[PDB]
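Examining the three-dimensional arrangement
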Amino acid sequence: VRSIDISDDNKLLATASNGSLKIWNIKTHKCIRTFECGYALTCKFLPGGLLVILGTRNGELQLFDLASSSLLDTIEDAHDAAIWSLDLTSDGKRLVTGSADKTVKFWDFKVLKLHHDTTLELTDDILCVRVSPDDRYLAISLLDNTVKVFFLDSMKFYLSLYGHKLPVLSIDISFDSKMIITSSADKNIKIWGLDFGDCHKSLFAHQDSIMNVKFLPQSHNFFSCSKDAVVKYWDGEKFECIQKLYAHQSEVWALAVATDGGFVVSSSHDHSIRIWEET
Amino acid sequence: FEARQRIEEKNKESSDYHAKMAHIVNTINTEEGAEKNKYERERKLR
Amino acid sequence: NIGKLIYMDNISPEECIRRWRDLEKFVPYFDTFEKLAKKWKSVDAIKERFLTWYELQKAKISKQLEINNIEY
Amino acid sequence: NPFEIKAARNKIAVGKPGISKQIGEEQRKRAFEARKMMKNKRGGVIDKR
Amino acid sequence: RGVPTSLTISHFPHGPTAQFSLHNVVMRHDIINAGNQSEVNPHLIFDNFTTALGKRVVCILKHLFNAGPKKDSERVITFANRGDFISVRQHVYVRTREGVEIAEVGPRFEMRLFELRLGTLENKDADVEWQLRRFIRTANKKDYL
Amino acid sequence: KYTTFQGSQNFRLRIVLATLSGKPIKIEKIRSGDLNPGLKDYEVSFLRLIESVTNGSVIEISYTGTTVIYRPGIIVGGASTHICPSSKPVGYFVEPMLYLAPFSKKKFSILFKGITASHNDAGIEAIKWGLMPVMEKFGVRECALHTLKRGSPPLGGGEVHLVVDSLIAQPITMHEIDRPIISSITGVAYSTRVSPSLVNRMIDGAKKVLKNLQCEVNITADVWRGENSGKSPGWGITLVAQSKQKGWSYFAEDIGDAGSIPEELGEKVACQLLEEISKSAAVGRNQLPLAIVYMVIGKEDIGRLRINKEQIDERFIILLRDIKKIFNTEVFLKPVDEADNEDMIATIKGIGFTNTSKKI
Amino acid sequence: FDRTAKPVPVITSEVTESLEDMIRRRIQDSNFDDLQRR
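- For chain E, the PDB entry supplies the name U3 small nucleolar ribonucleoprotein protein IMP4 and the organism Saccharomyces cerevisiae.
- As recorded in the PDB, the entry bears the title "Cryo-EM structure of 90S small ribosomal precursors complex with the DEAH-box RNA helicase Dhr1 (State F)".

- In the annotation of the PDB entry, chain C is listed under the name Ribosome biogenesis protein BMS1 and assigned to Saccharomyces cerevisiae.

Here's what the structure looks like:
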């Protein structure tokens with residue numbers, strides 16, 4: 001399973017290489033609406049549930065649902081190379097995605113379907129995108145090993161930053177728009193100040209490669225997965241590993257937190273996803 | 001206590017005094033000896 | 001005009017300058033950033049601006065006294 | 001850190017030598033520098049508002 | 001009155017006798033019960049001995065230790081010069097992954113050389129190689145007088 | 001009964017003119033209509049800086065704290081330290097010492113620790129080559145602001161070292177009638193505890209806006225690494241227009257803050273410099289109080305300096321009224337003949353002051 | 001007045017901190033100057 005989405009507390013999702021957008025619940029665990037799309041890698045909900053936006057390594061971008069028939073809209077050759085990740089905004093009307101034809105493009109939900117409005121060129125194959133939960137700024141991760149932060153009312157190139165010595169592959173932004181978290185494949189995440197871009201702790205764990213970092217959206221604490229079957233979570237004031245979790249067996253590809261209390265679900269290479277909750 | 005502090009202060013000011021005095025005496029030595037040897041070279045020819 | 005306008009005690013300074021036409025804050029005054037940037041998108045108005053020893057000392061002080069008298 | 005303490009007989013730390021010498025040099029050090037900076041002037045701000 | 005004051009070192013086969021005043025001592029017998037000393041043949045460390053008299057005192061002061069200790073040999077003994085006052089401490093340590101952590105044990109003092117005679121201890125007719133000059137009018141202006 | 005003043009307006013100029021002229025001063029109702037009335041902490045620490053740099057000057061404050069009676073002593077100067085409080089950076093303390101300085105007994109070697117610079121007040125490089133060349137034109141020779149540790153807006157911790165060592169007898173009189181032909185447009189951009197690319201994103205935008213001109217543009221870059229970086233991130237930009245043929249300067253500066261894009265900050269300081277260099281004649285508008293105080297403590301003769309009709313506004317009015325209440329010198333305002341540019345020539349007869357604290 | 005010699009150097013926590021980081025930097029270099037078997 002390549003990616004996980006999760007709603008408030010009820011429905012959950014798994015995204016794989018065949019297109020099995022499996023729709024789950026934490027109480028009966030049967031995959032509700034199984035269908036088939038293709039080599040899908042990243043995805044997101046629509047904020048009321050019941051509607052799922054999802055990309056692919058082919059040139060496409062597709063949208064599905066829960067209740068009615070599965071395929072509703074798809075845009076083929078939306079990016080003529082592979083795309084990597086996508087995001088709704090803080091409200092759920094725009095749709096930003098980045099793609100390794102050095103393009104990041106927006107979309108608008110209109111009525112059932114989507115509508116492209118604005119392309120942006122970058123000087124590198126972009127491979128990650130994260131938009132703030134208050135639409136204050138977006139951040140993009142480029143393999144020429146940099147992180148660029150743009151605004152959203154203007155997209156006027158707020159902060160270009162660097163320092164990871166390998167392609168950074170996961171970004172997150174603080175819940176109250178004060179601190180970003182960049183994470184690369186050199187086992188060293190960086191908590192980054194926001195007003196000018198001062199690094200605070202370029203700290204180091206997960207001794208092969210960070211694959212995805214995500215933010216516990218209540219306080220400013222955060223979970224970080226590995227590639228070597230360990231998921232930790234850290235606090236953002238003293239920067240110590242307040243918990244390790246060793247309970248996978250292979251490459252933990254993805255994870256996602258749930259916004260009710262920081263209720264997290266992780267997913268690995270060994271076809272296992274599992275649920276972590278409070279004590 | 002005040003013994004130690006005033007004695008290191010006195011040695012410090014004495015060393016800086018030696019530095020200042022030596023500096024002005026050799027700059028007045030060399031900067032004037034340049035034109036002194038120039039005028040002696042100009043005089044001893046003629 | 002403007003000399004007695006300054007040195008008259010009664011009137012306030014801004015009423016003085018509007019009749020003619022807080023310094024702990026050091027910074028000089030300024031207008032709207034967008035306004036003067038849009039005014040000076042072209043800046044060729046500023047193109048008009050852009051592009052023996054004893055008798056020496058006596059001449060210096062006597063020319064000083066002469067220009068002192070000539071503007072007295 | 002067992003030598004900046006000192007013990008005694010039993011029925012232990014009567015007082016810390018290093019920290020005692022630290023404060024006992026610091027307060028008279030700032031007193032000496034205050035006497036230097038305030039020895040030979042006349043103009044003084046009166047006590048407070 | 002119980003405070004030691006003179007430490008006379010005499011390398012008595014017709015050798016030099018140095019004499020040291022010995023100012024601020026601390027005795028582990030009247031502070032700390034922590035066990036025995038380590039008693040390994042130690043390493044030695046010396047801080048800014050650069051004068052010719054400094055080389056002489058470090059020669060006659062380190063030629064009384066066991067020759068050629070090993071790498072594992074734990075305790076280090078320091079002789080630090082802080083303005084003609086050889087401060088002596090001695091420590092044991094281990095190597096942490098972060099670095100090194102020392103453990104103060106045994107005596108501590110500081111000694112100032114005040115005579116260094118070429119004869120042996122008993123004679124008092126010994127020709128003085130060096131002794132300090134307390135009453136010159138430039139006593140407190142230099143080191144190793 | 002002797003010299004009375006209202007309010008904390010031009011307060012630094014009132015106290016520095018009292019201690020230059022040697023006349024006792026008394027200022028009351030320092031924001032007396034306020035919930036926190038009286039003297040603020042930065043100006044009380046400023047007054048005790050004055051007391052550290054002079055000798056015999058007594059200062060008394062009322063129990064209200066809004067009335068200050070000041071007798072002046074003599075300016076001894078010398079070498080001392082001074083921590084400045086975090087309510088106000090080092091510029092607000094150094095810019096009156098910059099024209100109290102060169103007359104004292106000893107050399108000025110005084111170091112300021114605290115916040116380097118902020119928005120409303122003067123930057124260190126700003127005062128360095130926007131006000132030390134005008135001091136070199138008025139007569140001093142050896143003056144420097146050794147910036148040996150930068151600071152930051154919210155935490156500071158920086159260290160400057162004002163050192164002047166040209167104890168001039170009195171400032172020479174000034175003669176400037178021509179508008180200066182601006183030869184070079186230089187500047188620096190400083191950064192503390194940030195990425196170095198912020199500097200390039202400043203400079204390319206600023207010289208992009210000013211690149212449509214025949215003038216030689218030259219802006220330099222400095223980051224501060226190590227413990228010379230202060231204790232908080234911050235970055236600023238300053239530009240001077242330097243006229244080398246006689247040595248005049250105009251300048252403009254600003255420091256970014258949370259969300260300040262370096263491109264638009266470079267554009268803002270470029271347009272602010274163009275505002276100053278179009279609005280000002282023969283001297284900077286911010287250099288103007290130093291200019292008139294050196295012209296008024298010049299020799300017993302007249303000195304003449306060009307300003308334009310824009311220079312006369314409320315700060316200049318309260319300056320000239322301050323000097324007319326302190327040592328009663330009318331400034332004569334001639335008009336220049338060519339009315340294409342409505343310029344006044346200010347002629348000021350300097351009070352015959354000499355420094356009276358020199359071991360001779 | 002004036003005095004003959006510098007007094008006894010009193011042992012403060014600052015001077016024992018400088019002596020301890022001296023010796024721990026020295027043995028982090030492992031530059032101890034002992035004798036040799038020769």
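1. Things to note about a negative patch on the surface
Residue and element names in this part refer to chain A.
- Judged by side-chain charge, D8, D9, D260, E277 and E278 come together as a negatively charged surface patch.
- Turning to its location among the elements, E278 is positioned in the segment after β26 (273-276).
- Judged by relative accessible area, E278 falls into the exposed class, the value being 57%.

2. Let's talk about unusual backbone geometry
- The residue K124 of chain E is not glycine, and still its phi comes out positive at about 65°.
- Structurally, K124 of chain E can be placed in the loop between β7 (109-117) and β8 (128-131).
- Positive phi values are uncommon outside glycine, yet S30 of chain G reaches one of about 50°.
- Checked against the element boundaries, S30 of chain G lands in the segment after α1 (13-29).

3. Some words on helix α5 (residues 197-209) of chain F
- Taking 1.5 Å of rise per residue, the 13 residues of α5 of chain F would be expected to cover 18 Å, and the 19 Å separating its terminal C-alpha atoms lies within 8% of that figure.
- Restricting attention to buried positions, one finds in α5 of chain F the residues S197, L198, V199, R201, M202, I203, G205 and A206 of chain F.
- Looking at the buried positions of α5 of chain F, the neighbouring elements they touch are β15 (159-162) of chain A together with β10 (184-192), β11 (216-224), β12 (234-243) and α6 (262-279) of chain F.

4. Points about the pattern of salt bridges
- Evaluation of the coordinates by the stated rule reveals 27 salt bridges over all chains.
- Notably, a salt bridge pairs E24 of chain C with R12 of chain F, separated by 3.7 Å at the nearest N-O pair. Residue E24 of chain C is found in the loop between α2 (13-20) and α3 (33-39), and its partner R12 of chain F is found in helix α1 (residues 11-21); the two belong to separate chains. For the pair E24 of chain C and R12 of chain F, one class covers both residues: buried.
- Of the charged contacts in the structure, one is a salt bridge between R179 of chain F and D343 of chain F, with a shortest N-O distance of 2.7 Å. Of this pair, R179 of chain F sits in the loop between β9 (175-176) and β10 while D343 of chain F sits in strand β16 (residues 343-349), and the two are 164 residues apart along the sequence.

5. Concerning the interface of chain B and chain G
- Tallying the contact residues gives five residues for chain B and seven residues for chain G.
- Approximately 520 Å² of surface area, both sides summed, lies buried where chain B meets chain G, with 52% of it carried by carbon and sulfur atoms.
- The interface formed by chain B and chain G contains zero salt bridges.
- Linking chain B with chain G are two residue pairs in polar contact.

6. Concerning the interface of chain C and chain F
- Taken together, the contact pairs 36 residues of chain C with 58 residues of chain F.
- Mapped onto the side of chain C that touches chain F, the elements with two or more residues apiece are α1 (2-7), α2, α3 and α4 (53-71) of chain C.
- For the side of chain C that touches chain F, the leading source of residues is α4 of chain C, giving four residues.
- Residue classes in the side of chain C that touches chain F are distributed as 23 nonpolar, three polar and 10 charged.

7. Focus on the packing of aromatic side chains
Residues and elements named next belong to chain F.
- Applying the stated criterion to the full structure yields 14 aromatic pairs over all chains.
- Following the ring pairs from residue to residue traces out a cluster consisting of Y42, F46, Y92 and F93.
- For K88, the ring lying beneath its charged end belongs to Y42, and the centroid distance is 3.6 Å.
- Across from the ring centre of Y190, 4.0 Å away, lies the NZ or CZ of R150, which sits over that ring.

8. Observations regarding the packing of helix α3 (residues 90-100) of chain F against helix α4 (residues 124-138) of chain F
Residue and element names in this part refer to chain F.
- Contact geometry of α3 with α4 gives a least axis separation of 11 Å together with a crossing angle of 10°. Taken together, α3 and α4 sit at an angle that is classed as roughly parallel. Judged by residue contacts, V90, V94 and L98 of α3 engage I124, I127, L131, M132 and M135 from α4.
- When its residues are assigned to classes, the contact of α3 with α4 shows eight nonpolar, no polar and no charged.

9. A look at the nonpolar core
All names here are of chain F.
- If you look at the biggest cluster of nonpolar residues, it comprises 91 residues, and the most contacted ones within it are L162 and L320.
- Shared between two domains, this core holds at least three residues of each, these being domain 1 (1-177 + 275-355) and domain 2 (178-274).
- In this structure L162 touches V94, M97, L98, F108, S109, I110, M132, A144 and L145, once residues within four positions along its chain are discounted.

10. Details of the pairing of strand β22 (residues 231-235) of chain A
Residue and element names in this part refer to chain A.
- The element β22 is largely enclosed, with a buried count of four among its five residues.
- Across four bridges, the pairing between strand β21 (residues 221-224) and β22 is antiparallel. Along β22, the bridge assignment pairs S224 with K232.
- The antiparallel hairpin formed by β21 and β22 contains six residues in its connecting segment, where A229 sits at a positive phi of about 65°.
- Across three bridges, β22 lies against strand β23 (residues 243-245) in antiparallel orientation. Residue pairing in the sheet places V231 in a bridge with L245 of β23.

11. Describing the sheet that holds strand β8 (residues 83-88) of chain A
All names here are of chain A.
- As summarised here, the arrangement of the four strands in space is β8-β9-β10-β11, forming an open sheet in which the pairing is antiparallel. Of all the strands in the sheet, the pair left with one neighbour each is β8 and β11 (113-121). Averaged over all adjacent pairs, the angle separating strand axes in this sheet is 20°, with direction ignored.
- Pairing geometry for strand β10 (residues 103-110) and β11, over seven bridges, is antiparallel. Opposite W107, over in β11, you have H116 as the bridge partner.

12. Quick word on the sheet that holds strand β8 (residues 158-164) of chain F
All names here are of chain F.
- Strands sit in the order β5-β6-β8-β7 across an open sheet of four strands; the sheet is mixed. Unpaired on one side and paired on the other, β5 (79-83) and β7 (143-149) mark the two borders of the sheet. Geometrically, the sheet is characterised by an average inter-axis angle of 15° between neighbouring strands, direction not taken into account.
- Alignment of strand β6 (residues 108-114) against β8, held across seven bridges, turns out to be antiparallel.

13. Observations concerning a positive patch on the surface
- On the surface, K41 of chain D together with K105, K106 and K359 of chain F cluster together into a patch of positive charge.
- Checked against the element boundaries, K105 of chain F lands in the loop between α3 and β6.

14. A closer look at α4 of chain C
- Relative to the 27 Å expected for 19 residues at 1.5 Å per residue, α4 of chain C spans 27 Å between its end C-alpha atoms, a close match to the ideal helical length.
- Taken as a whole, α4 of chain C has its buried residues at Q64, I67 and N68 of chain C. Buried positions in α4 of chain C, seen along its axis, are confined to an arc of 110° and lie on one side of it. Of the exposed residues in α4 of chain C, the ones pointing more than 90 degrees away from its buried face are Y54, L65, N69 and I70 of chain C.
- Buried residues along α4 of chain C sit against β9 and β14 (302-308) of chain F.

15. Thoughts on the arrangement of the chains
- By contact count, the dominant pairing among the nine pairs of chains in contact is that of chains C and F.
- Across the gap from chain C to chain E, with no contact made, the nearest C-alpha atoms are 50 Å apart.
- There is a gap between chain E and chain F: no contact, and a shortest C-alpha distance of 22 Å.

16. Structural notes on the side chain of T56 of chain A
All names here are of chain A.
- Relative to the elements of secondary structure, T56 occurs in the loop between β5 (51-55) and β6 (61-65).
- Within the local environment of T56, its side chain forms a polar contact with the backbone oxygen of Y39, the two atoms lying 2.5 Å apart.
- From its side chain, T56 meets the backbone nitrogen of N58 in a polar contact 3.2 Å long.
- The contacts of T56, once residues within four sequence positions are left out, are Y39, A40, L41 and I83.

17. So, a nonpolar patch on the surface
- Together, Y17, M21, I24 and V25 of chain B make up an exposed nonpolar region whose accessible area comes to about 350 Å².
- Its location among the elements puts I24 of chain B in helix α1 (residues 2-45).

18. Examining the packing of α4 of chain F against helix α7 (residues 288-296) of chain F
All names here are of chain F.
- In contact at an axis separation of 11 Å, α4 and α7 are set at 15° when each is read in the N-to-C sense. On the basis of their axis angle, the class for α4 and α7 is roughly parallel. Note that α4 runs across α7; the crossing there is right-handed. In this structure, α4 uses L131, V134, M135 and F138 to contact α7, whose residues at the interface are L290, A291, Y294 and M295.
- In terms of residue class, the contact of α4 with α7 is made up of eight nonpolar, no polar and no charged.

About the thresholds
- Residues numbered from 1 in each chain as written, not as in the entry; some residues may be left out.
- Chains lettered and ligands numbered in written order.
- Part of a larger assembly, values for the part shown.
- Heavy atoms only, no water.
- Residues with missing side-chain atoms left out of burial classes, pairs and counts.
- Patch = residues over 30% accessible without salt bridge, like charges linked within 9 Å, V, L, I, M, F, W, Y side chains within 5 Å.
- Areas by Shrake-Rupley, 256 points an atom, 1.4 Å probe, with all protein chains shown as cover.
- Salt bridge = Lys/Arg side-chain N within 4 Å of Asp/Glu carboxyl O.
- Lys, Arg positive; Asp, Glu negative; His and termini not counted.
- Charge placed at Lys NZ, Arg CZ, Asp CG, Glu CD.
- Helix = DSSP H or I, 4+ residues; strand = E, 2+ residues; numbered from the N terminus.
- Buried < 20%, exposed > 50% of the residue type's maximum accessible area, 1.4 Å probe, protein only.
- Expected span 1.5 Å × (residues − 1).
- Contact = heavy atoms within 4.5 Å.
- Buried area = accessible area lost by both parts, 1.4 Å probe.
- Polar contact = N/O pair within 3.5 Å; in protein donor to acceptor, adjacent residues only side chain to side chain.
- Nonpolar A, V, L, I, M, F, W, Y, C, P; charged D, E, K, R; others polar.
- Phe/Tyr/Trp six-rings, centres within 6.5 Å; stacked < 30°, edge-to-face > 60°.
- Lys NZ or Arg CZ within 6 Å of the ring centre and 35° of its normal.
- Axes fitted to C-alpha atoms, helices over the stretch in contact; angles between N-to-C directions.
- Parallel < 35°, antiparallel > 145°, perpendicular 65-115°, else oblique.
- Core = buried A, V, L, I, M, F, W, Y, C linked by side-chain atoms within 4.5 Å.
- Domains from an automatic or database assignment.
- Pairing = 2+ DSSP bridges.
- Arc of directions from axis to C-beta.
- Left-handed = near helix turned anticlockwise from the far one by under 90°.

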